[PDB]
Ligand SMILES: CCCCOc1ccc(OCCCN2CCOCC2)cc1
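To begin, one chain is listed below as C-alpha cells, in the form deposited without Pramocaine (PX9).
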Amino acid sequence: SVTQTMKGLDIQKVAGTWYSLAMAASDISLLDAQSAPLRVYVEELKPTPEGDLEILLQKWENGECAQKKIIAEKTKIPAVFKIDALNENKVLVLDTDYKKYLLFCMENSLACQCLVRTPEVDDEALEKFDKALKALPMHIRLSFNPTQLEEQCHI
C-alpha cells in the first residue's frame, strides 16, 4: 500500500498544466498497451472551490485518443481523494513542489505517475519518483521523451 502522502498539501496550488512524464503500476497489464486501463495522460488539474479535484486527461480508446474529465472527491485527509467506480478507487498525492513536479498514485491494484509542469526530462523528479516506488510492488514503469510529451496520447 501507499504510506507516502504530501504533508501540508495545498490543493489549490496543483491547479493548471501537467505532463505525465513517467508511469508505474503493480501489474504489467495496467500499462502495457496504448489502450491499457491505467495509462491515462494528465492534461490539467482543476481543484474545485469546495476542494474536490477535477482531472482532465487523454486515454487511447477504440484506436483513437479521447478526452476524459473525471472528478476525485476530497476526504478528511488533504492528500487523498476518492473516484466513483464499481471499485472504491483512491488518489493519493505523494509529493509536489507545485512549480515543477507532482507524484501521485491511484489504488484499488496500483498505478503511480510523475507529473511535470513542462515537456522536459526532470531527473530530480524521476529520482523522487523512483524513491517513492522503492516502497511499492511495481512491475512496469514507462517514461516519455519531450517529443512524445507534446503529442495527444504521447504518440
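Note that residue numbering begins at 1 and tracks the sequence as displayed.
From this point on, the text means the form deposited with Pramocaine (PX9) bound, which you will not see here.
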Place Pramocaine (PX9) on the shown form using its pose in the deposited bound form and a superposition of the nearby C-alphas, then give a one-word verdict, open or blocked, with blocked set at 3+ atoms within 2.4 Å of backbone or C-beta. open
Mark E61 yes when one of its heavy atoms lies within 4.5 Å of a heavy atom of Pramocaine (PX9) in the deposited bound form, and no otherwise. yes
Checked 55 to 84 against Pramocaine (PX9) in the deposited bound form; residues with a heavy atom within 4.5 Å, sequence order, are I55, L57, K59, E61, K68, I70, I83
